[PDB]
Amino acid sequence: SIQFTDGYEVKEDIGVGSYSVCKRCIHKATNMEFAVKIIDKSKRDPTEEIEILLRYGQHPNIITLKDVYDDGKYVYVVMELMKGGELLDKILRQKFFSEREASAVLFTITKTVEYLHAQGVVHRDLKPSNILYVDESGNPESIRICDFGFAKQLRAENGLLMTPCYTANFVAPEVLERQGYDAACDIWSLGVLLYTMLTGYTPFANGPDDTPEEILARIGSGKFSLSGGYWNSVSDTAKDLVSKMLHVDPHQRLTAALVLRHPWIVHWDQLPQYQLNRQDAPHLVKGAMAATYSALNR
């Protein structure tokens, strides 16, 4: 009945689109700010994404869905609007940011992911530009995972919503092994975020110009520096977690659960409180992230 435009008016683009765009919008009733993701139904189906937001959006650190419309051609998904900026971007421009801090941020984010995996949900696009602060309080509880345009809910061949705990229905093997790939891959994305967090540079790209072939090469051989330069003042326990989060074999790689049982997370009070020495080139790290994931998606 009621139309999207009826109750909202569009504004600037807030970026990051695929078969879809995100624009700022004002609820022309209450004058509050929100985001809206406008998807092309002829280019992708948003159903699996919208449900995830409906069932799971309640999580404090999952972006909150406010509304949704369908004019038969596009789907409009009105969500929370982030005002604190992209989380990594803000973290890298803090000269006074220590390991105790990094462990809290990661705690909050892995806790969100672990839950999602317990409900048979995998993200599959956990790059940094999808994690944001909702406000400028700089508090972990203001962190938000914000897209889901690639997440998948585990389903039996029978069409049944499955959780990794209940197996008594039939799910195809290749779908299961893959649900273990996509979960491991999420953890690897977090490990990349952690790496960049501690040192101010990413593990497999120096900047946006790196060739897709050398980036992929670095990834395929695993092997990423964990000592010297900006790793000097970084504790051993942190380096241990990083190696196990970026472990080149998805199988030996840590689970969301196990990450959260790691001493770097549990005994966070042990962690050094002095500022981290890091490269300070946030725009370069931005380029390098996009180069890394591009080389992953093409």
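Residue indices: 1-based, along the sequence shown.
As listed in the deposited structure, the average C-alpha B-factor of 116-124 and of 218-226 is greater for 218-226.
For the pair 51-59 and 247-255, the mean B factor over Cα atoms is greater in 247-255.
Note on the listed residues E80, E177, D186, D89: the highest Cα temperature factor in the record is that of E177. Sorting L65, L241, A29, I265 by the CA temperature factor given in the entry leaves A29 at the top. Split the chain's modelled residues into thirds by C-alpha temperature factor. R278 is in the middle one.
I145: CA B factor in the lowest third of modelled residues in this chain (values from the PDB entry). In this PDB entry, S103 carries a Cα temperature factor that places it within the lowest third of its chain's modelled residues. Per the deposited record, the Cα B-factor of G84 falls in the middle third when ranked against the other modelled residues of its chain. Ranked within its chain, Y195 lands in the lowest third, by CA B factor from the PDB record.
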